[PDB]
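Shown next as structure tokens: one chain only, the form deposited in one PDB entry.
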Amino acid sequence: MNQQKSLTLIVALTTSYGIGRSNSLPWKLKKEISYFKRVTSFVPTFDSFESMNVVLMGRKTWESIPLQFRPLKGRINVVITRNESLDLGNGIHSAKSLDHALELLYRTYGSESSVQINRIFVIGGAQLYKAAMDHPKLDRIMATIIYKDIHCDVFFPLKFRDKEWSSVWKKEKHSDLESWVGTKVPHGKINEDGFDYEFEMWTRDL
């Protein structure tokens, strides 16, 4: 048991690929947070009482969510840490690597589980993003592009939107995005508190 399912990466980044500053988000986008919640939470109604999505995150990203928004609700949370000394959590799983987390979910949630897994999402940070980028099951990127050069100190590891990667990663039609996400999403740019941003979906053939 290891991988059958595809992986989906979800990120909010500037046109310079900046993803963060001083172990937090250098922007306050309340509607950007609501899209995240929605995307990472959505499960088809037919499958809504048995299934759930999984959110995989690096230990620094875990330390970043307000104590108040931990764990992410209605989703299975898995923290990747080598230094799993003692991860505190009443059913928050810890796994030492990306593949180590996949076999743990595959083990902990099989046919004999009252809880089934729908979608698997990598939600950050930079180091976990580097590992997912290299994983042979990663085929989709949900990106939020922020059209401002906001000073950042952590960058997204692969320039997926750049010409060097244009035969690999392709941006999908907005109707393709809303269908995957199962709901309707804002087309065009969104301005909220001085930042212009937009929602995109990139995919690659495995």
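Shifts are known only where both forms have a C-alpha. If you superpose the two forms and keep the largest set of C-alpha atoms that fall within 1.5 Å, you have the rigid core. Numbers follow the displayed sequence, beginning with 1.
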Stretch with higher mean Cα temperature factor, 63-71 vs 30-38, is 63-71
Avg C-alpha B-factor, entry values, 49-57 vs 159-167, higher side is 49-57
When the entry's CA B-factors for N77, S97, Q127, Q116 are compared, the highest one belongs to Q116
Binned into thirds over the chain's modelled residues, the C-alpha B-factor of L206 lands in the middle
In terms of its chain's C-alpha B-factors, the third that includes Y197 is the middle
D149: CA temperature factor from the record, placed by chain third, in the highest
For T8, the third of its chain by CA B-factor is the lowest
Quick tally, chain-level thirds of C-alpha B-factors: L105 sits in the middle
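What follows is about the form deposited in another entry, which we do not show.
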Out of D162, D47, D176, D149, the position with Cα displaced 2 angstroms or more between the shown form and the other one on rigid-core fit is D47
Threshold 2 Å Cα movement between the shown form and the other one for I190, core superposed
no
For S22, is the CA shift between the shown form and the other one at least 2 Å following rigid-core superposition?
yes
With a difference of at least 3 Å, the CA distance of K73 and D47 in the other form shows the atoms farther
What changes in the other form is the Cα distance between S48 and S113, by 3 Å or more; the two atoms are closer
Core-referenced diff between the shown form and the other one: runs of three or more consecutive residues, each Cα shifted 2 Å or more, sit at 21-25, 45-49
